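One structure below.
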Amino acid sequence: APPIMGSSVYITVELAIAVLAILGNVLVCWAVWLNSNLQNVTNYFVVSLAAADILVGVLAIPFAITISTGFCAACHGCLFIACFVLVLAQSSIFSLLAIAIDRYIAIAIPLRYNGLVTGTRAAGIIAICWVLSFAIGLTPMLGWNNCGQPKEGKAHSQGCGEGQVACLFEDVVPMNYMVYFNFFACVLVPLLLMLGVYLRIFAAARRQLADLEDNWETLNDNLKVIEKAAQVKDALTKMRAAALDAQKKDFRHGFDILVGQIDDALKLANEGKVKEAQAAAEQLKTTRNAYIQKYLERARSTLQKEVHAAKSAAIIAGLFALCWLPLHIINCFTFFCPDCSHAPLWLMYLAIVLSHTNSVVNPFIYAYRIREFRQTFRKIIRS
Ligand SMILES: CC(C)CCC[C@@H](C)[C@H]1CC[C@H]2[C@@H]3CC=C4C[C@@H](O)CC[C@]4(C)[C@H]3CC[C@]12C
Ligand SMILES: CC(C)CCC[C@@H](C)[C@H]1CC[C@H]2[C@@H]3CC=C4C[C@@H](O)CC[C@]4(C)[C@H]3CC[C@]12C
Ligand SMILES: CC(C)CCC[C@@H](C)[C@H]1CC[C@H]2[C@@H]3CC=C4C[C@@H](O)CC[C@]4(C)[C@H]3CC[C@]12C
Ligand SMILES: CCn1c(=O)c2c(nc(/C=C\c3ccc(O)c(O)c3)n2C)n(CC)c1=O
Ligand SMILES: CCCCCCCC/C=C\CCCCCCCC(=O)O
Ligand SMILES: CCCCCCCC/C=C\CCCCCCCC(=O)O
Ligand code: NA
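The sequence shown lines up with residues 0 to 208, 1001 to 1020, 1024 to 1042, 1059 to 1106, 219 to 305 when you count with the entry's author numbering.
Have a look at this one:
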């Protein structure tokens, strides 16, 4: 069949993807500018991520359509066209990595976060990443390419002038750079690092919840042994150690009557007044229900709020890896198996449009998983 027929379908799908990539991600940057609640260090990385997805539809996708024609051009002008999308992919990887680290510091060392992670330092970190992404993505232009061994039979058949070449990715971009340098070092290694950071995040949160529950059960279980008891001095000692262990306002009050009531009943045991030491220790049961019980339930909800946020960010990085791995696996076959038959053009088309689809999914996740984004999105849509 005519080659223009199948080309029109691929061009149509690519042009539609760019429209959704530009529209949705601009809506993300608009919400962060208006709503001040969205103006935190974690969201400055998702705006840098949205800018990379906006630039995919404005530049990378139009570049991909020009590559498909095999037009004649200077080999270095062809290099910038074929390799610019690598600059945007590296920027997203660093943005995903930075997001995972931010949520780790928030759950591991929550007290120092506001002093550790500041808005003026992230603006330089984002700038450092974008400059480094241009270096990684444009590495073939520094000499690691195939401009010195041009395909003349393809250049003569295409009618290319002197100094030009049939602009094709697999012709000017070496496949050892794509597999060893791009996929392994710059993509796979940071992705595995992202998997490790999220493991330590979910485990630490599961341990903090378990530590809080046991500190509550130690406060309750030992309340039954003082009332059914030197035996009262033992439990009142496990009282305090577990009371301050759970200390990690109205709460600061409630702990003061708690540690105070346990202190009063403690000395009543050192001098033998057992029945009075008992009676002085069932009055702290009222303080437990009116103050210490409320602090524990509030911290459990706050813990879930941070975990839900860590889950949402973990989904974004997972969707990235799913949309980009099929393309890299196909390159591993072209490189590691020369006796294999090269992947057909339709499968390559499917791998290109699948990698482009990652520039559309992220604004959907924020609206579905982050309430503040969804509400802010509605105010702009209504107005
Ligand atoms: C602000 C935005 C839109 C700027 C966009 C700049 C783009 C469109 C420009 C900048 C550099 C340009 C390339 C530079 C060199 C060559 C080699 C030549 O033989 C064919 C054109 C080609 C391949 C150019 C295509 C267009 C190009 C990629
Ligand atoms: C990345 C996750 C979702 C797994 C997806 C599976 C993909 C990447 C796998 C499954 C089957 C694979 C194909 C199986 C056989 C061949 C024939 C060979 O001559 C070229 C590679 C090619 C065409 C493979 C390319 C990669 C492939 C399409
Ligand atoms: C951390 C995980 C996701 C890494 C993914 C593993 C990658 C690197 C693995 C999985 C499947 C592998 C391919 C499976 C089959 C073949 C055919 C063989 O004739 C050459 C090697 C080749 C082409 C392998 C190359 C490496 C490969 C692509
Ligand atoms: C993300 C990196 N990357 C690649 O890894 C790649 C590639 N193009 C090929 C393969 C050739 C090919 C693909 C589509 C076509 O229309 C065509 O005419 C030829 N590869 C292996 N693109 C260009 C779209 C690309 O940017
Ligand atoms: C929403 C994104 C809109 C993008 C609009 C631009 C899309 C088309 C871009 C340039 C097409 C490539 C130009 C190459 C000239 C023809 C090549 C040839 O005939 O040999
Ligand atoms: C939704 C289905 C779209 C079409 C299939 C998408 C991906 C299929 C996965 C791999 C199947 C193997 C494809 C290889 C084609 C034949 C290879 C050959 O001709 O030697
Ligand atoms: Na992206």
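We treat Cβ as the ideally placed atom computed from N, Cα and C, and that holds for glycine.
Which parts of the stretch 66–128 are runs of the beta strand (DSSP E), unbroken and 3 residues or longer, counting only runs that do not cross its ends?
-> 71–73
Consider the C-beta atom of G76 and the heavy atoms of ligand 5; say whether any pair is separated by less than 7 Å.
-> no
So which of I21, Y1101 and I98 has the shortest CA-CA distance to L54?
-> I21
Flag this pair as yes or no: are the beta carbons of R102 and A232 separated by less than 8 Å?
-> yes
Selected residue, minimal CA-CA separation from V57, among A15, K227 and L78 = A15
Provide the residue span of the beta strand (DSSP E) that contains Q163, from first to last.
-> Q163 to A165
Assigned secondary structure, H264 (DSSP; H/G/I helix, E/B strand, else coil) = coil
Is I292 helix, strand or coil when you go by DSSP?
-> coil
Delimiting residues of the alpha helix (DSSP H) encompassing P149 = Segment: none, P149 is in no alpha helix (DSSP H) and carries neither H nor E.
Pick out whichever of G1070, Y43, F70 and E294 has its Cα sitting closest to the Cα of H155.
-> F70
Residue from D1039, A1001, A72 and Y179 whose Cα sits closest to the Cα of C159 = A72
For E1092, which of helix, strand or coil comes out of DSSP?
-> coil
Other residues of its chain near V229: CB distance less than 6 Å, five sequence neighbours each side excluded = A204
Just the Cα atoms here: how many angstroms apart are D52 and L272?
-> 19 Å
Could you tell me the distance, in whole angstroms, from the CA atom of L1030 to the CA atom of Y197?
-> 39 Å
Go to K1032, then tell me how far its alpha helix (DSSP H) extends in each direction, as first and last residue.
-> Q1025 to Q1041
Contact between the stretch 284–297 and the stretch 23–34 (3+ Cβ pairs under 8 Å) = yes
Kindly indicate the opening and closing residues of the alpha helix (DSSP H) around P1.
-> No alpha helix (DSSP H) holds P1; DSSP gives it neither H nor E.
Quick one, which of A99, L187 and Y1101 has its alpha-carbon nearest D1066's?
-> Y1101
Helix, strand or coil: how does DSSP classify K227 here?
-> helix
Are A126 and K150 close, meaning C-beta to C-beta below 8 Å?
-> no
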